[PDB]
Amino acid sequence: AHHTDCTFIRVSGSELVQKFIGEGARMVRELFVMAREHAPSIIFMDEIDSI
Amino acid sequence: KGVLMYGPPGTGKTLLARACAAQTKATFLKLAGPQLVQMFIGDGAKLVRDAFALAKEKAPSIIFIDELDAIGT
Amino acid sequence: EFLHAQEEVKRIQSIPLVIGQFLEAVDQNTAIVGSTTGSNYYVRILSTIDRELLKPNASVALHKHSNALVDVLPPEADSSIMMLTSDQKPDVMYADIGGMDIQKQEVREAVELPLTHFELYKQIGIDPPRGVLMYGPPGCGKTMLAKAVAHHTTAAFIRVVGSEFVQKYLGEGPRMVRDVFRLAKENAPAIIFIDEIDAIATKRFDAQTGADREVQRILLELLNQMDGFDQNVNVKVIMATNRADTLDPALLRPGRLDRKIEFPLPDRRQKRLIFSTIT
Amino acid sequence: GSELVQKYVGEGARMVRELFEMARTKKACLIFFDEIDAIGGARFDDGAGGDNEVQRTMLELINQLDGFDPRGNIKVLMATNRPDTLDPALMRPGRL
Amino acid sequence: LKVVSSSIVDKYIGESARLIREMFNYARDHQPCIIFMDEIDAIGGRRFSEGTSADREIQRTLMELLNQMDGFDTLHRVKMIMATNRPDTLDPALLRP
Amino acid sequence: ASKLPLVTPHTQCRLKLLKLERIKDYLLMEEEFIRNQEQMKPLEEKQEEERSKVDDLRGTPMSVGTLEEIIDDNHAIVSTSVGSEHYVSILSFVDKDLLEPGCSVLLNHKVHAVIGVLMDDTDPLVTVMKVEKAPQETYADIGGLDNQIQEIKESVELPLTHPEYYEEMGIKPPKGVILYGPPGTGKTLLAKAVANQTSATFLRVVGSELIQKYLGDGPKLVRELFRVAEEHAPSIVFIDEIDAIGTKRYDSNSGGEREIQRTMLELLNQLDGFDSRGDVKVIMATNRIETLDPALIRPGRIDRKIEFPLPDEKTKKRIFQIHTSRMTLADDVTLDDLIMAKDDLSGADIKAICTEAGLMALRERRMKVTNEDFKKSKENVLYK
Amino acid sequence: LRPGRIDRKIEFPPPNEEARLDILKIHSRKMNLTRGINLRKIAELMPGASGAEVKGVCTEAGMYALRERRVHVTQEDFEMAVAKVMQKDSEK
Amino acid sequence: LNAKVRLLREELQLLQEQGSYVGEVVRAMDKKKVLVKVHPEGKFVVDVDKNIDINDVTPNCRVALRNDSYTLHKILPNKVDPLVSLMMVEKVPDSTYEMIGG
Ligand SMILES: Nc1ncnc2c1ncn2[C@@H]1O[C@H](COP(=O)(O)OP(=O)(O)OP(=O)(O)O)[C@@H](O)[C@H]1O
Ligand SMILES: Nc1ncnc2c1ncn2[C@@H]1O[C@H](COP(=O)(O)OP(=O)(O)OP(=O)(O)O)[C@@H](O)[C@H]1O
Ligand SMILES: Nc1ncnc2c1ncn2[C@@H]1O[C@H](COP(=O)(O)OP(=O)(O)O)[C@@H](O)[C@H]1O
Ligand SMILES: [Mg+2]
Ligand SMILES: [Mg+2]
Ligand SMILES: [Mg+2]
């Protein structure tokens, strides 16, 4: 992501950052509203140790 | 100290409570089960102790709580 | 005449004073500052004051009516102050603790040696950790070890409780947090200590009750302040907890908690040492 | 019924009380309950307490129809597709 | 001192943990005192995982109490008495020797 | 403005000219009457003085509030942002027809009197689940089915295009449609084609998002979704993978399996309640129809059930022909060899094989694809 | 796992001897080292566990140099570090 | 020297005036109107001074509002975007190709 000059965004379903996405964020696709204004972006999600 | 009336539904429990309220001469307080549930913490016991203090203020007061199983689970 | 004129401007400093926090300086002789009342302002700076002392989070004194920046102020704090060593040294020695030499050595290497022998740490290049965490079942030496460290240390010691940062009046939490960090930074190579983090650092937040917003702001301020150090100030943060599973992972990132120490139950060899030492 | 499932504790009983107060304010008029089999089935509290706040809502609804000056000039009518799961104390005459 | 554990809780943000700190300060001033708290299961229950809001405040008060007694500062000439008729639900840390 | 819709002549006949002349004469007489008082007895500017004085009365600091209750005699109770609520008066130049409880009302700063009504602020969920532009090409890209398309057309397109056929013999169009069958068979692609061709607003949602982590949030979502759908326009609501709401359980849900039941009850209420529905069309799609509640798919809610079977050899050849139309195929490759690759091969495998073969050709910097590319592509994709 | 969803899948096998030596070489630069360490033997000692524990061994070998108040690192520290790290990971 | 002295006296005089609030603008309007929201109070719709152009007033920006009339006065430098705050909270340890082994 760094070498190709892309905005690196990662999502983990936490709640500290919930205020930075939306007031209630009943859905999850709302992140795209914050993503499509940084068009060449990459979304990265890592599976937790629960699995 | 107190009495507790129980049984299957449809038998004259509230009827006896109402008859006792009509016949007696002292102060009478009516109360329900779910009425004592509040959203904010610490706001449920306050009503209970306030009602008991108000009953204590007038000496011969008696209280009747209906649908007790909504609280004493 | 100019010498006389330069002195008549001190008429606006006698009684009207409110303490505030410097926030930003847009340009010369004009800034934006946030008073302790609870609102921000865009105000004008007095000319004769020394602009060199206006650091990012300095505390300043403002006129009551015109609400203009007037004076800079020396460092000041609240909450726990210093643990002033008179009735504060808890007279618990390292000899009374017996059997946990592994954790003792780990704590020593991760705390005390960077404070004194920083040159070796820089020369070998091992990047001393900023803070440590203690976890384990209740009853196994965490508080006693912190107590012994406080007794035997030569540096300043600040101790707080995680349940004090919540206040009835909104806005006192982040103030207390940045205030204690400011005092610890500007006094000496001190050591901050927190008991039972679990009161403020959890995983679940509900942004509708009002209290959770306060806890969220307190935690975010803690994260922001603790990340602000420049790896040049001799400050170590020791924080203790019991239920480590109910913790926010965002607080365990590198640069915030690089050391985790577990205090497990004694098995066979520590039992004899405990018995002999106590009896 | 699905409108009476709230997020905080002690909200359904408040809503029922407000409904009956507003109904009593006017002269006399009707209330309709749709899909009543979602607001109370039966008291079955075993083990860990599960599905009992809805039981408190149902108990408030029951209490508003009998005892100490019933609602009086209000007529209610309810419909459901599986009536085999309703509570015994709700189906007695005097309410249904 | 005589108090019931279910009468020291209120909806304000910091009052619940402030009242107990105040009562321990008062006990510290007059050094010989005895504190008795009835029905300790009201606030002494086990700490939930993935719990609801407006419930972690009681836990906050609980760990404040756990720190006040046998914490960083030693108590002197102070004794406490607690009573409950089902001790299963008490926190494992509160029952520690 | 529907002043006069009688333009039935629509030709060079005298009727159109006469109707236009009569309308023009009436409008000219009305304009002359309106300007007689504007030019004979003005007595004031009546154009800029009014705005000037209403601006003078309406101060430059201007706060906001929310309606709570209104009394008939032109005043109402409004609550402030801080929390205090007042008993202010309502002015007479505030077009008191859109005053609705909960609407943002613009108030004065001195006496807090009602002086205006403020527009809304869009909504940060409408733009989330609304389709802006057409996805891709229409039914010409599908191929193979040729029979489900006419049914979906009768269900959706015909009433919009020709609301006259149904009126000749007085019937109503079918209410609901559901698509089922094995996976990878072309349900979402047909939904894409319908969204492309149609002209009404398109709303979509995945069924896995109907379950939330609080109590009483699913029914709220369903209510708000259908309110939005009913308040915009003639619309189409697309809910796919609905069965996933019941075949999966998450520990993040505060309630157990009863909240799913409450959400179901709310969904049935919204689909076939008793209040006026309006004009909304619902499309559902799933691949496991044996797990849904039968009371949800009764006639009167979902009227049509459409099955998508696995393709046959002719459809397989057609899909090869479709998906390699813009690919430079060498003469060595033949589609008949790949037709018998698997016994129950589906549509998605065709695109997977073609795309990965193109990628493998791109790796070696070759514009033309060979037989070995397909031979390795099929083994790399299918057999694992 | 439907074929049309994910367009590529990439595998990350545990490092072999050459990859382990490469990671050791990469992560051994941040310390004051001594001329002649023979990192091949250290790489051969590790029975290919993962790539994070190579960094852990590197970052913990310097603690042994610190423990004797030294300014340079010798391979005795490397051997002690690898032995302790591999042994102490057996529990739990 | 004379200019310096007179400026000093006038600077003494002009320090007894009220301060000005800072606020966030949500969106503008027609005929020189904007909507702003300052945190220790609700939302205010206000006007703009004669030396500030609307097209420069982009949405979600910091401005300075006078006291008596709440009129637009200046434009504050900027506000940190939510993406920056989120990424600083997450603290992903960025790297590059030279840190790759095998
Ligand atoms: N050598 C020893 N090791 C451990 N504990 C000891 C030792 N000698 C005495 N003790 C006793 O064990 C207890 C130590 O508990 P401590 O104060 O460290 O709490 P903790 O383990 O951090 O638990 P909590 O979660 O309650 O804070 C004290 O009662 C102390 O008197
Ligand atoms: N009959 C067909 N004609 C053309 N392409 C097809 C056909 N069937 C499948 N495809 C291809 O398969 C791709 C994926 O199909 P789609 O995702 O719409 O399937 P589906 O029926 O919704 O399955 P699922 O329920 O498993 O998601 C389409 O984009 C298209 O390229
Ligand atoms: N003699 C009677 N004994 C019992 N119930 C009676 C008698 N006469 C009338 N009732 C009817 O029984 C009902 C009394 O309410 P009750 O059975 O106490 O309800 P619950 O038992 O659920 O509180 C009333 O509807 C009352 O009219
Ligand atoms: Mg009764
Ligand atoms: Mg402790
Ligand atoms: Mg699909």
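The structure this text deals with has already been given above.
A. Just the interface of chain C and chain H, in detail. Between chain C and chain H, the contact holds 28 residues from the first and 25 residues from the second. When chain C packs against chain H, the two sides together hide about 2,500 Å² of surface, and 61% of this comes from carbon and sulfur. Taken as a group, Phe2, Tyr42 and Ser66 of chain C account for 22% of the area that chain C buries against chain H, more than any other trio of residues on that side. One can count 4 salt bridges joining chain C with chain H. A salt bridge links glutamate 24 of chain C to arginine 62 of chain H; the nearest nitrogen and oxygen atoms lie 3.6 Å apart.

B. Fine view of the sheet that holds strand 6 (residues 131-135) of chain C. All names here are of chain C. Ordered in space as 7-8-9-6-10, the 5 strands form an open sheet in which the pairing is parallel. Edge positions in the sheet fall to strand 7 (157-161) and strand 10 (259-262), since each has one partner strand and no second. Neighbouring strand axes in the sheet, compared pairwise and without regard to direction, differ in orientation by 20° on average. Bridging between strand 6 and strand 10 involves 4 bridges; their strand directions are parallel. Bridge pairing in strand 10 places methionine 134 opposite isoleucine 261.

C. The arrangement of helix 2 (residues 53-63) of chain D in detail. Counting buried residues along helix 2 of chain D, 9 of its 11 residues qualify, which places the element largely inside the surrounding structure. The set of residues buried in helix 2 of chain D consists of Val54, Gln55, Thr57, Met58, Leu59, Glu60, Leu61, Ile62 and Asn63 of chain D. Elements that come into contact with the buried residues of helix 2 of chain D comprise strand 1 (28-32) and strand 2 (62-66) of chain B, helix 1 (12-25) and strand 1 (31-34) of chain D together with helix 7 (258-272) of chain F.

D. Region of interest: unusual backbone geometry. Residues and elements named next belong to chain C. Of note, the phi angle at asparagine 29 is positive, near 45°, even though the residue is not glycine. Along the chain, the position of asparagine 29 falls in the loop between strand 1 (18-27) and strand 2 (30-35). Accessibility expressed as a relative area gives 29% for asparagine 29, which makes it partly exposed. A positive phi angle is found at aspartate 127, which is not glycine, with a value near 55°. Looking at the element boundaries, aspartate 127 is found in the loop between helix 3 (118-124) and strand 6. Since its relative accessible area comes to 61%, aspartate 127 is described here as exposed.

E. Structural detail: the arrangement of the chains. The pair of protein chains exhibiting the most contacts, out of 15 pairs of chains in contact, is chains C and H. Regarding chain D and chain H, the two do not touch, and the least distance separating their C-alpha atoms is 27 Å.

F. Examining the site of ligand 2 more closely. Among the 16 residues in the neighbourhood of ligand 2, the closest are listed as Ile142, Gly186, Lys187, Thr188 and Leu189 of chain F. Of the chains in the model, those with residues near ligand 2 are chains F and G. A distance of 2.7 Å separates an oxygen atom of ligand 2 from a polar atom in the side chain of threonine 188 of chain F. One nitrogen or oxygen atom from the side chain of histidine 323 of chain F is found 3.5 Å from an oxygen atom belonging to ligand 2. Relative to its free-state accessible area of 640 Å², ligand 2 is covered by the protein chains to the extent of 85%. Contributing elements (two or more residues each) for the shell around ligand 2: helix 5 (187-197), helix 8 (313-323) and helix 10 (347-363) of chain F. Per-class residue counts for the shell around ligand 2 are 5 nonpolar, 7 polar and 4 charged.

G. Here's a closer look at the pairing of strand 2 of chain B. Residue and element names in this part refer to chain B. Two strands pair when backbone bridges link them, and strand 1 and strand 2 are joined in this way by 5 bridges, in the parallel orientation. Within strand 2, the residue paired with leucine 29 across the bridge is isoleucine 63. Following the chain from strand 1 across helix 2 (residues 45-57) to the adjacent parallel strand 2, one finds a crossover that is right-handed.

H. Quick look at the packing of aromatic side chains. A full pass over the atoms with the stated rule returns 11 aromatic pairs over all chains. Each member of the aromatic cluster is reached from another via a ring pair, and the members are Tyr41 of chain C together with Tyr21, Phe44 and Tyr70 of chain H. The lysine or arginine in question, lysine 7 of chain D, covers the ring of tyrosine 214 of chain F, its NZ or CZ lying 3.1 Å from the ring centre. One residue, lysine 4 of chain H, lies across the ring of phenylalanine 2 of chain C, its end atom 5.7 Å from the ring centre.

I. Region of the structure containing the environment of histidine 232 of chain F. Residue and element names in this part refer to chain F. Considering the arrangement of structural elements, one finds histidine 232 in helix 6 (residues 218-232). Along the chain, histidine 232 and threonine 201 lie 31 residues apart, while their C-alpha atoms are 8.1 Å from each other. Within the local environment of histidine 232, its side chain forms a polar contact with the side chain of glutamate 231, the two groups lying 3.0 Å apart.

J. Local environment of the packing of helix 5 (residues 172-187) of chain C against helix 6 (residues 211-226) of chain C. Residue and element names in this part refer to chain C. Their axes nearest at 8 Å, the elements helix 5 and helix 6 cross at an angle of 20°. If you check the angle between helix 5 and helix 6, you find them roughly parallel. In this structure, helix 5 crosses over helix 6, and the sense of that crossing is right-handed. Contact with helix 5, carried on its side by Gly173, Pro174, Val177, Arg178 and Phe181, involves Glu214, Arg217, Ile218, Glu221, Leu222, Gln225 and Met226 of helix 6 and no other residues of that element. Of the residues assigned to the contact of helix 5 with helix 6, the class counts are 6 nonpolar, 2 polar and 4 charged.

K. The arrangement of a nonpolar patch on the surface in detail. All names here are of chain B. A surface patch of nonpolar side chains, amounting to about 760 Å² of accessible area, comprises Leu4, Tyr6, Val48, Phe52, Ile63, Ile65 and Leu68. Of all the secondary-structure elements, those providing two or more residues to the nonpolar patch are helix 2 and strand 2. Within the secondary structure, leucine 4 sits in the segment before helix 1 (13-23). For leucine 4, a relative accessible area of 64% puts it in the exposed group.

L. Spotlight on the sheet that holds strand 4 (residues 59-62) of chain C. Residues and elements named next belong to chain C. An order of 3-2-1-4-5 is seen for the 5 strands of this open sheet, with the pairing classed as antiparallel. Unpaired on one side and paired on the other, strand 3 (40-44) and strand 5 (69-72) mark the two borders of the sheet. The mean angle between the axes of side-by-side strands here comes to 45°, regardless of whether they run parallel or antiparallel. The sheet contact formed by strand 2 and strand 3 spans 5 bridges and is antiparallel. Bridging across to strand 3, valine 33 finds its partner in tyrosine 41.

M. Representation of a positive patch on the surface in the model. Taken together, the side chains of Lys46 and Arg49 of chain B, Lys168 of chain C together with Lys11 of chain E present a region of like positive charge at the surface. Structurally, the position occupied by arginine 49 of chain B is in helix 2. A relative accessible area of 39% places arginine 49 of chain B in the partly exposed class.

N. Seen up close, the site of ligand 1. Inspection of the region around ligand 1 gives 14 residues, with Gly139, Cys140, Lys142, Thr143 and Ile274 of chain C positioned closest. Lying at an intersection of chains, ligand 1 is approached by residues of chains C and E. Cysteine 140 of chain C places a polar main-chain atom, nitrogen or oxygen, 2.5 Å from an oxygen atom of ligand 1. Side-chain polar atom of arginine 96 of chain E to an oxygen atom of ligand 1: 3.3 Å apart, as the coordinates give it. Contact with the protein chains covers 74% of the free accessible surface of ligand 1, which is 650 Å².

O. Structural detail: the packing of helix 3 (residues 52-67) of chain G against helix 4 (residues 75-88) of chain G. All names here are of chain G. Between helix 3 and helix 4, the shortest axis-to-axis distance is 8 Å and the interhelical angle comes to 125°. In terms of orientation, helix 3 and helix 4 fall into the oblique class. Crossing of helix 3 over helix 4 shows right-handed handedness. For the pair helix 3 and helix 4, contact is made by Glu53, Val57, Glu60, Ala61, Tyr64 and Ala65 and by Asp77, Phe78, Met80, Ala81, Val82, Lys84, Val85 and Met86, respectively.

P. Representation of the pattern of salt bridges. Tallied over the full model, the rule gives 37 salt bridges over all chains. Ionic pairing is found between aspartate 179 of chain C and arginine 182 of chain C, a salt bridge with its closest N-O pair at 3.3 Å. Remark: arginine 182 of chain C and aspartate 179 of chain C occur in helix 5; sequence separation between them is 3 residues, near one turn of the helix. Here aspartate 179 of chain C falls in the buried class, since its relative accessible area comes to 11%. Of the charged contacts, one joins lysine 91 of chain H and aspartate 227 of chain C as a salt bridge, the two residues approaching to 3.6 Å between their closest N and O atoms.

How each quantity is defined
Residues numbered from 1 in each chain as written, not as in the entry; some residues may be left out. Chains lettered and ligands numbered in written order. Part of a larger assembly, values for the part shown. Heavy atoms only, no water. Residues with missing side-chain atoms left out of burial classes, pairs and counts. Contact = heavy atoms within 4.5 Å. Buried area = accessible area lost by both parts, 1.4 Å probe. Salt bridge = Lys/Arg side-chain N within 4 Å of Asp/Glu carboxyl O. Pairing = 2+ DSSP bridges. Helix = DSSP H or I, 4+ residues; strand = E, 2+ residues; numbered from the N terminus. Axes fitted to C-alpha atoms, helices over the stretch in contact; angles between N-to-C directions. Buried < 20%, exposed > 50% of the residue type's maximum accessible area, 1.4 Å probe, protein only. Near = heavy atom within 4 Å. Polar contact = N/O pair within 3.5 Å; in protein donor to acceptor, adjacent residues only side chain to side chain. Areas by Shrake-Rupley, 256 points an atom, 1.4 Å probe, with all protein chains shown as cover. Nonpolar A, V, L, I, M, F, W, Y, C, P; charged D, E, K, R; others polar. Right-handed = clockwise from strand over helix to strand, strands pointing away. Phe/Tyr/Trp six-rings, centres within 6.5 Å; stacked < 30°, edge-to-face > 60°. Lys NZ or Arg CZ within 6 Å of the ring centre and 35° of its normal. Parallel < 35°, antiparallel > 145°, perpendicular 65-115°, else oblique. Left-handed = near helix turned anticlockwise from the far one by under 90°. Patch = residues over 30% accessible without salt bridge, like charges linked within 9 Å, V, L, I, M, F, W, Y side chains within 5 Å. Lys, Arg positive; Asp, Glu negative; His and termini not counted. Charge placed at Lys NZ, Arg CZ, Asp CG, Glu CD.

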